[PDB]
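Trainee: So the protein lines, in turn, are chains A and B. Sequential numbering of the first sequence, starting at 2, is according to PDB author numbering. Sequential numbering of the second sequence, starting at 2, is according to PDB author numbering. For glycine and all other residues, C-beta sits at the position ideal for the given N, C-alpha and C. First the structure, which I've put down as structure tokens, then a few questions once you've had a look.
2 protein chains.
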Amino acid sequence: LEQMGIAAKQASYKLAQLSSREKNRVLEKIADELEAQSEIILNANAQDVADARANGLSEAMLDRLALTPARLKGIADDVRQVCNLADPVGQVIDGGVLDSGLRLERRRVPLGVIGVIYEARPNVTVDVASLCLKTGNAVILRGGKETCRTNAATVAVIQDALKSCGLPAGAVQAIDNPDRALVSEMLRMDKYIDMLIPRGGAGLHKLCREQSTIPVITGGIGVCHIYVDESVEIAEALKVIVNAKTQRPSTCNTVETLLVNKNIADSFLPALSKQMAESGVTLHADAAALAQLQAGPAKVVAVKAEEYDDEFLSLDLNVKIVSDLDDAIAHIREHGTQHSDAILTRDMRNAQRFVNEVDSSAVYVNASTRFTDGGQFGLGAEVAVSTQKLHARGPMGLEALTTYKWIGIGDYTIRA
Amino acid sequence: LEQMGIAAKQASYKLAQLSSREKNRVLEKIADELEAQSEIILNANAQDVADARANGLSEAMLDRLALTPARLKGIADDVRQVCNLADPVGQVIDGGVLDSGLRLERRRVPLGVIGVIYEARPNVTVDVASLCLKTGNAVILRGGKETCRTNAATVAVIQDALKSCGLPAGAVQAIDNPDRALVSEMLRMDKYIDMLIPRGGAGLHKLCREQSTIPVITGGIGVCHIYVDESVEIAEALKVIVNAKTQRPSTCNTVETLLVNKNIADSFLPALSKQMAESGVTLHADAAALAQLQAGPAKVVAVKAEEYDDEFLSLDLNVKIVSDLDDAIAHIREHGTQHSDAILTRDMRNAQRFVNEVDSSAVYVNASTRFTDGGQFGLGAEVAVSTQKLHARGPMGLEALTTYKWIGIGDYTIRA
Ligand SMILES: NC(=O)c1ccc[n+]([C@@H]2O[C@H](COP(=O)([O-])OP(=O)(O)OC[C@H]3O[C@@H](n4cnc5c(N)ncnc54)[C@H](OP(=O)(O)O)[C@@H]3O)[C@@H](O)[C@H]2O)c1
Ligand SMILES: NC(=O)c1ccc[n+]([C@@H]2O[C@H](COP(=O)([O-])OP(=O)(O)OC[C@H]3O[C@@H](n4cnc5c(N)ncnc54)[C@H](OP(=O)(O)O)[C@@H]3O)[C@@H](O)[C@H]2O)c1
């Protein structure tokens, strides 16, 4: 794969030296070509979905795999939105004049070569390629073993567009082979890749962090908690919970654990049990909440200790009764994965304390956890939702793929 | 060492929850106590310098280790200057109102627990402790074997101040044993320290990147190049080079390789030889410049292939004659460590090309490479100069020790 690395570096130099007009032109060509070849991509994705259904995959997994024409138009519109955004290369962050007469400033520059290891989702290839082209980085992709044909067709379209627009061919490339030995080799390829973005579960992150030399921005799994305070509207809270759970339960920002204040559980729990039975969501309750949730129509089973630290990725929910805000904060800190946290309350003090004392990539007050998305947050699209602390955090947009450089212009200045 | 980490985390929570007034009070008390107890620090540093010189340490190394009363007053003034800076915690980076009615914003927050492994330099301890206190981080320091008594006294003073002002004693900790097994043990504590700052030569960074599981911001070694164009003022270039080389040659932002355009080399080289000899600097010339530099009084020796990639850390310079700007850029890319580069020229186009095409943490036009400092760049003080690309680059100020967090407020908002 060393030839891939050298090609990526050679293309990255020229990309960093490009102008905004050429990048916008290539993005427009990519979007137009995506719209033109809808039939091929749709047929390949349908065939792949039919193949995956033979293995008895989960309904949520199939929904993630599925690609309707509406979704294709959505990804095309996202590419166009990225095109309409301002180019973040060359922008001045700040500047000034020092005491010695030196004119100093900070200017944004690209990062170099970016490696991406993503899950089985079709659109992610498009978004990553568009963001990397707009910013000025060469990208090496390694997708999941399921979406082989869809990723093949999409990367073929992207590379055809790159060739037609005159950009170097090594700007964007992908690894077709699904063997994980090549994944290890990519991880060891330190002299070429400048930064690696793994998206996936615990196993991929474990293996990567074990055997990585490149800087890593871990996508991380998401255990998102929702805290229900004593003073809250029942109907609105139920609507928010239903939206945060039912809609697309296969994502990573879907709520997984529900923390209910003990002074409200006498009234909130029964209604919830009525609502979940409508959506068919199984309730993994604690011992304290089991007695109240037993009479509810919705099916309820006792929870286990290890279930608090993993994602259900289905129509399941953890119900726990806490004593006060301090207990909820302690539980979130202990079991949370620092992805997204929400509080439903009517107290200004409680909302302020929750916002202050909870460390996460995103904290919401009277809102659903499903807002942790690149498109929703105002950015054109996202490459991954970083849960670490270094470099970017939360959704990673155009500015998350760029670094900065100090430039100082003087007149034969000498440091005193 | 685990108890050290537990104390660090427990102190980090409370420190992140503090206010600006308390941190400023602690810093002012620290500076006052440093000025009050100058005698003990001076005695310890003098004894350490005597012991080091008894081992035949280099003159530049001894100058780095030496701490005069003027230097002590300077570090006290820098601590006070930091105390006078604005607290970066809580600042709003940006924000807005989204389409769905959700008010989004970004707020700065402390990183957490910070581990520092640094060279033998007395002032770095105080600077790191002050910055970590001001930001709201807990710090674990592990200094060089030389600075033992000085670091012991300074850490005693800081711990006493923290105890007196009521802050938890676990905020600032240091390791006294110079064994490197403890260094490895600190390296292996991933879940407890949040970010590591190693300062040192290639050996320390190699060992850290070999067996580290914590995010690392490498200080890195510094090979700083200066390119002399065809048309330039001889006297001004000479004085800038003299300032960049002679003054404090033991630092890391000192010029090592001098690139001279062949068109000007017929006249620039002799004058340089007349000046450099007055400074007593040996010239490790290349083959092309060997004939011209021989007549000059300055000492000249043939350069070796490996000398281009290592710092002299003394009064030594590398003279290489290049063809044009493209050759200089290629050489800088090949051999540079991406620390600080400068160009002395009278052409606007050449300056623009050099600024655009050279990838370094700092690029200067008609200036010196000695400006790559935390204090010079307007920041109060720096913990290290980062030569990597992730997180901060160049000097690391107050904001380099803080990350950000998304906050979203809504009225039971639902994602559409
Ligand atoms: N944090 C974020 O921004 C974000 C975004 C999207 C998804 N996610 C997470 O994605 C997870 C589900 O992803 P998934 O359904 O695709 O399953 P997964 O097992 O998490 O996917 C792992 C990814 O890496 C590969 N992989 C798996 N095991 C590997 C190993 N041992 N060595 C090398 N590569 C390996 C997989 O392809 P192969 O199996 O073919 O090797 C796949 O591309 C959820 O937990 C969710 O939280 C997070
Ligand atoms: N990039 C920057 O911002 C920056 C700033 C300052 C200095 N520097 C660099 O500092 C260098 C000189 O530093 P120096 O004179 O102190 O020498 P050094 O050998 O670079 O110092 C290494 C530092 O780490 C320790 N260390 C050395 N070998 C180690 C090992 N195998 N395992 C663990 N710890 C180890 C040393 O103390 P022990 O030997 O007792 O272990 C010392 O604290 C220059 O090359 C300069 O460029 C860079």
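Which residues, in order along the stretch 399-411 of chain B, keep a beta-carbon less than 8 Å from a beta-carbon of chain A?
Mentor: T404, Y405, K406, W407, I408, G409, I410, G411
Trainee: Taking 8 Å as the CB-CB cut-off, is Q82(A) touching chain B?
Mentor: Translated into positions along the first sequence, residue 82(A) becomes position 81. No, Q82(A) lies away from the interface with chain B (no Cβ there is under 8 Å from its Cβ).
Trainee: Should the stretch 365-374 of chain B be called in touch with the stretch 331-348 of chain B, which here means at least 3 C-beta pairs below 8 Å?
Mentor: yes
Trainee: Under a CB-based cut-off of 8 Å, is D328(A) close to chain B?
Mentor: Indexing the first sequence from 1 puts residue 328(A) at position 327. With 8 Å as the cut-off, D328(A) does not count as an interface residue toward chain B.
Trainee: What residues in the stretch 305-328 of chain B bring their beta carbon closer than 7 Å to a beta carbon of chain A?
Mentor: none
Trainee: With a cut-off of 8 Å, does the C-beta of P216(B) fall near any C-beta of chain A?
Mentor: Sequence index remark: in the second sequence, residue 216(B) carries index 215 (1-based). Yes, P216(B) counts as interfacial toward chain A.
Trainee: Would you say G57(A) touches ligand 2, meaning its beta carbon is less than 7 Å from a heavy atom?
Mentor: One-based indexing of the first sequence puts residue 57(A) at position 56. Not under cutoff, so the answer is no.
Trainee: Could you tell me the alpha carbon to alpha carbon distance between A175(A) and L142(A), rounded to whole angstroms?
Mentor: Reading the first sequence from its first residue, position 174 is the one you call residue 175(A). Reading the first sequence from its first residue, position 141 is the one you call residue 142(A). Each residue's alpha carbon lies about 4 Å from the other.
Trainee: Report yes or no: do three or more beta-carbon pairs, one from the stretch 194-211 of chain B and one from the stretch 109-124 of chain B, lie closer than 8 Å?
Mentor: yes
Trainee: Any residues in the stretch 223-240 of chain A with a beta carbon nearer than 8 Å to a beta carbon of chain B? Which ones, in chain order?
Mentor: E234, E237, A238, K240
Trainee: Does the distance from the CB of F313(A) to the CB of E257(A) come in under 8 Å?
Mentor: Within the first sequence, the letter at position 312 stands for residue 313(A). Within the first sequence, the letter at position 256 stands for residue 257(A). The Cβ-Cβ distance between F313(A) and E257(A) falls below 8 Å.
Trainee: Which ranges would you report for the alpha helix (DSSP H) in the stretch 200-259 of chain B if only whole runs of at least 4 residues count?
Mentor: 203-211, 235-247
Trainee: Listing by chain order, which chain B residues have their CB less than 8 Å from the CB of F378(A)?
Mentor: Translated into the one-based positions of the first sequence, residue 378(A) becomes position 377. Here the neighbours are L99, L105, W407.
Trainee: For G409(B), name the three-state secondary structure that DSSP assigns.
Mentor: As a first step, residue 409(B) must be located in the second sequence, where it is residue number 408. The answer is strand: DSSP assigns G409(B) an E or B state.
Trainee: Could you check which residue in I322(B), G75(B), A32(B), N85(B) has the C-alpha nearest to that of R22(B)?
Mentor: Translated into the one-based positions of the second sequence, residue 22(B) becomes position 21. Minimum Cα distance to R22(B) is reached at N85(B).
Trainee: Would the beta-carbon of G220(B) fall within 8 Å of that of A385(B)?
Mentor: As a working mapping, residue 220(B) is identified with position 219 in the second sequence. As a working mapping, residue 385(B) is identified with position 384 in the second sequence. Closer than 8 Å, so yes.
Trainee: Which value, in whole angstroms, describes the spacing of the CA atoms of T155(B) and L19(B)?
Mentor: Residue mapping note: residue 155(B) aligns to position 154 of the second sequence, counting from 1. Residue mapping note: residue 19(B) aligns to position 18 of the second sequence, counting from 1. Taking the straight line from one Cα to the other gives about 24 Å.
Trainee: For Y119(A), name the three-state secondary structure that DSSP assigns.
Mentor: Position 118 of the first sequence, counted from the start, is the residue given in the question as residue 119(A). The DSSP-derived three-state label of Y119(A) is coil.
Trainee: Over the uninterrupted beta strand (DSSP E) stretch that includes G75(B), give me the two end residues.
Mentor: As a working mapping, residue 75(B) is identified with position 74 in the second sequence. It is not in any beta strand (DSSP E) - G75(B) instead sits in the alpha helix (DSSP H) that spans 70-84.
Trainee: Where do the ends of the alpha helix (DSSP H) carrying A382(B) lie?
Mentor: Within the second sequence, residue 382(B) is the residue found at index 381, counting from 1. Neither: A382(B) is in no alpha helix (DSSP H) and is coded neither H nor E.
Trainee: Starting from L35(B), trace the alpha helix (DSSP H) in both directions and tell me its first and last residue.
Mentor: Counted from its first residue, the second sequence places residue 35(B) at position 34. Its alpha helix (DSSP H) spans residues 21-37.
Trainee: Taking the alpha carbon of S387(A) as the reference point, which residue from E237(A), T247(A), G395(A) has its own alpha carbon closest?
Mentor: The residue given as residue 387(A) occupies position 386 in the first sequence. When only C-alpha atoms are compared, the closest one is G395(A).
Trainee: Let me know if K246(A) comes out buried or exposed under the rule of 16 or more other beta-carbons within 10 Å of its beta-carbon.
Mentor: Within the first sequence, the letter at position 245 stands for residue 246(A). Under this definition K246(A) is a buried residue.
Trainee: Between the C-alpha atoms of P89(B) and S131(B), what's the straight-line distance to the nearest angstrom?
Mentor: In the second sequence, the residue the question calls residue 89(B) occupies position 88. In the second sequence, the residue the question calls residue 131(B) occupies position 130. Rounded to the nearest angstrom, the two C-alpha atoms are 14 Å apart.
Trainee: Applying the 10 Å Cβ sphere with the 16-neighbour rule, what's the burial state of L2(B)?
Mentor: Taking the first residue of the second sequence as position 1, residue 2(B) is located at position 1. With fewer than 16 other beta carbons inside 10 angstroms of its own, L2(B) counts as exposed.
Trainee: Considering only DSSP beta bridges, list what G96(A) is partnered with.
Mentor: Along the first sequence, one-based indexing puts residue 96(A) at 95. In DSSP, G96(A) forms a bridge with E106(A).
Trainee: Going along the chain, which residues of the stretch 164-186 of chain B sit with their C-beta nearer than 7 Å to a C-beta in chain A?
Mentor: Residues: none.
Trainee: Residues of the stretch 358-371 of chain B in Cβ contact with chain A at a cutoff of 8 Å, in chain order, please.
Mentor: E358, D360, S361, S362, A363, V364, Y365, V366, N367, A368, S369, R371
Trainee: Enumerated in chain order, which unbroken segments of the alpha helix (DSSP H) with a length of 4 residues or greater are wholly contained in the stretch 278-350 of chain A?
Mentor: 288-295, 326-336
Trainee: Starting from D64(A), find everything on chain B with Cβ-Cβ shorter than 8 Å and list it in chain order.
Mentor: Here residue 64(A) refers to the residue found at position 63 of the first sequence. Ordered by position in chain B, no residue passes the 8 Å Cβ test against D64(A), which lies about 16 Å from the chain.
Trainee: Exposed or buried, what is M349(A) when buried is set at 16 or more other beta-carbons lying within 10 Å of its beta-carbon?
Mentor: Walking along the first sequence from the start, residue 349(A) turns up at place 348. Answer is exposed; the Cβ neighbour count stays below 16.
Trainee: Hey, how far is the Cα of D49(A) from the Cα of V80(A)?
Mentor: Locating residue 49(A) in the first sequence gives position 48, counting from the first residue. Locating residue 80(A) in the first sequence gives position 79, counting from the first residue. Using only the alpha carbons, I get a separation of about 24 Å.
Trainee: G281(B): which of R109(B), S185(B), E29(B), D317(B) sits nearest, CA to CA?
Mentor: Taking the first residue of the second sequence as 1, we reach residue 281(B) at position 280. Ranking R109(B), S185(B), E29(B), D317(B) by Cα distance to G281(B) puts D317(B) first.
Trainee: For ligand 1, I want to know if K390(A) counts as a neighbour, meaning its beta carbon is within less than 7 Å of at least one of the ligand's heavy atoms.
Mentor: Counting from one through the first sequence, the residue named residue 390(A) turns up at place 389. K390(A): no, Cβ never under 7 Å from ligand 1.
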